[PDB]
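Asker: Sharing a structure with you now.
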Amino acid sequence: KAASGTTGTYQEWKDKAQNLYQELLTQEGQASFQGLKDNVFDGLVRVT
Amino acid sequence: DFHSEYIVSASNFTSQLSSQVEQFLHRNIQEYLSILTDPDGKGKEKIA
């Protein structure tokens, strides 16, 4: 029972691990980081 | 004459063993590929 549960959980988590790998590669590629910068700059202008 | 008996010989080593090291450097380039490649899928086979 423990072996079956562990194997099933590992297969379930393989997809999430690959998704995290893809997100990490996208972040390292410097693709989507400036949106937060623009939002915070707009917020700073509004606060000023 | 004795000096000659080494001079060219030294060049041989200067062109041989060091040269092999450069080849090993290319192997390091292959290691860099592991940085740009995330292994996945094989873990499921190994755990099964």
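By convention in this document, the chains of the structure tokens carry letters A, B, ... by their order, each chain's residues are numbered from 1, and ligands are numbered from 1 in the order they are shown.
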Might you pull out every residue within 12 Å of segment 30-41 of chain B, with only C-alpha atoms counted and same-chain residues fewer than 4 positions away left off, and present them as a PDB file with N, CA and C atoms, in the first residue's frame?

Answerer:
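Output saved as out.pdb:
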ATOM      1  N   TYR A  10       4.285  10.294  -6.713  1.00  0.00           N
ATOM      2  CA  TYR A  10       5.406  10.715  -7.547  1.00  0.00           C
ATOM      3  C   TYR A  10       4.955  11.024  -8.968  1.00  0.00           C
ATOM      4  N   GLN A  11       4.096  10.177  -9.543  1.00  0.00           N
ATOM      5  CA  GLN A  11       3.576  10.494 -10.872  1.00  0.00           C
ATOM      6  C   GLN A  11       2.736  11.764 -10.862  1.00  0.00           C
ATOM      7  N   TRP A  13       3.185  14.348  -8.890  1.00  0.00           N
ATOM      8  CA  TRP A  13       4.081  15.475  -8.681  1.00  0.00           C
ATOM      9  C   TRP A  13       5.070  15.681  -9.820  1.00  0.00           C
ATOM     10  N   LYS A  14       5.239  14.694 -10.703  1.00  0.00           N
ATOM     11  CA  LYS A  14       6.110  14.883 -11.859  1.00  0.00           C
ATOM     12  C   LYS A  14       5.624  16.030 -12.737  1.00  0.00           C
ATOM     13  N   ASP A  15       4.309  16.113 -12.955  1.00  0.00           N
ATOM     14  CA  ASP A  15       3.756  17.186 -13.774  1.00  0.00           C
ATOM     15  C   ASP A  15       4.008  18.550 -13.145  1.00  0.00           C
ATOM     16  N   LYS A  16       3.787  18.670 -11.834  1.00  0.00           N
ATOM     17  CA  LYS A  16       4.023  19.940 -11.158  1.00  0.00           C
ATOM     18  C   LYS A  16       5.500  20.308 -11.180  1.00  0.00           C
ATOM     19  N   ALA A  17       6.382  19.316 -11.023  1.00  0.00           N
ATOM     20  CA  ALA A  17       7.815  19.580 -11.098  1.00  0.00           C
ATOM     21  C   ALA A  17       8.215  20.080 -12.480  1.00  0.00           C
ATOM     22  N   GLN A  18       7.666  19.476 -13.536  1.00  0.00           N
ATOM     23  CA  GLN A  18       7.975  19.938 -14.885  1.00  0.00           C
ATOM     24  C   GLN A  18       7.416  21.336 -15.133  1.00  0.00           C
ATOM     25  N   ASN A  19       6.227  21.624 -14.598  1.00  0.00           N
ATOM     26  CA  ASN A  19       5.677  22.973 -14.707  1.00  0.00           C
ATOM     27  C   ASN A  19       6.571  23.988 -14.009  1.00  0.00           C
ATOM     28  N   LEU A  20       7.075  23.639 -12.823  1.00  0.00           N
ATOM     29  CA  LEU A  20       7.989  24.526 -12.114  1.00  0.00           C
ATOM     30  C   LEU A  20       9.287  24.710 -12.888  1.00  0.00           C
ATOM     31  N   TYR A  21       9.782  23.641 -13.517  1.00  0.00           N
ATOM     32  CA  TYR A  21      10.973  23.759 -14.353  1.00  0.00           C
ATOM     33  C   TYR A  21      10.740  24.724 -15.507  1.00  0.00           C
ATOM     34  N   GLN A  22       9.582  24.617 -16.163  1.00  0.00           N
ATOM     35  CA  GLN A  22       9.276  25.512 -17.273  1.00  0.00           C
ATOM     36  C   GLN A  22       9.151  26.955 -16.802  1.00  0.00           C
ATOM     37  N   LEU A  24      10.655  28.259 -14.186  1.00  0.00           N
ATOM     38  CA  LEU A  24      12.008  28.706 -13.870  1.00  0.00           C
ATOM     39  C   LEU A  24      12.782  29.065 -15.130  1.00  0.00           C
ATOM     40  N   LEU A  25      12.662  28.247 -16.178  1.00  0.00           N
ATOM     41  CA  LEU A  25      13.338  28.558 -17.435  1.00  0.00           C
ATOM     42  C   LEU A  25      12.806  29.853 -18.038  1.00  0.00           C
ATOM     43  N   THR A  26      11.488  30.056 -17.982  1.00  0.00           N
ATOM     44  CA  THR A  26      10.906  31.294 -18.490  1.00  0.00           C
ATOM     45  C   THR A  26      11.410  32.502 -17.710  1.00  0.00           C
ATOM     46  N   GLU A  28      14.276  32.716 -16.034  1.00  0.00           N
ATOM     47  CA  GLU A  28      15.684  32.904 -16.373  1.00  0.00           C
ATOM     48  C   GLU A  28      15.851  33.521 -17.753  1.00  0.00           C
ATOM     49  N   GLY A  29      14.909  33.269 -18.661  1.00  0.00           N
ATOM     50  CA  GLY A  29      14.964  33.868 -19.981  1.00  0.00           C
ATOM     51  C   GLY A  29      14.665  35.351 -20.012  1.00  0.00           C
TER      52      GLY A  29
ATOM     53  N   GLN B  23      41.023  19.477 -25.096  1.00  0.00           N
ATOM     54  CA  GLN B  23      39.926  18.570 -25.410  1.00  0.00           C
ATOM     55  C   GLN B  23      39.040  18.349 -24.195  1.00  0.00           C
ATOM     56  N   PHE B  24      39.652  18.141 -23.026  1.00  0.00           N
ATOM     57  CA  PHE B  24      38.867  17.971 -21.812  1.00  0.00           C
ATOM     58  C   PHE B  24      38.027  19.210 -21.534  1.00  0.00           C
ATOM     59  N   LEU B  25      38.552  20.391 -21.877  1.00  0.00           N
ATOM     60  CA  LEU B  25      37.778  21.617 -21.722  1.00  0.00           C
ATOM     61  C   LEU B  25      36.482  21.545 -22.516  1.00  0.00           C
ATOM     62  N   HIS B  26      36.540  20.972 -23.719  1.00  0.00           N
ATOM     63  CA  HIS B  26      35.331  20.811 -24.519  1.00  0.00           C
ATOM     64  C   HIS B  26      34.316  19.939 -23.794  1.00  0.00           C
ATOM     65  N   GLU B  45      10.528   6.049 -14.379  1.00  0.00           N
ATOM     66  CA  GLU B  45      11.030   4.713 -14.680  1.00  0.00           C
ATOM     67  C   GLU B  45      11.893   4.181 -13.544  1.00  0.00           C
ATOM     68  N   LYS B  46      12.774   5.024 -13.000  1.00  0.00           N
ATOM     69  CA  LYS B  46      13.656   4.585 -11.925  1.00  0.00           C
ATOM     70  C   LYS B  46      12.866   4.223 -10.674  1.00  0.00           C
ATOM     71  N   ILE B  47      11.853   5.023 -10.332  1.00  0.00           N
ATOM     72  CA  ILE B  47      11.080   4.736  -9.129  1.00  0.00           C
ATOM     73  C   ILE B  47      10.205   3.503  -9.326  1.00  0.00           C
ATOM     74  N   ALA B  48       9.679   3.288 -10.537  1.00  0.00           N
ATOM     75  CA  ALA B  48       8.952   2.050 -10.802  1.00  0.00           C
ATOM     76  C   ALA B  48       9.869   0.839 -10.679  1.00  0.00           C
TER      77      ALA B  48
END

Asker: Compare B:43, B:22, B:12, B:28 by their minimum atom-to-atom distance to chain A, counting only C-alpha atoms, and give me the closest one.

Answerer: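 Comparing B:43, B:22, B:12, B:28 against chain A, the winner is B:43.
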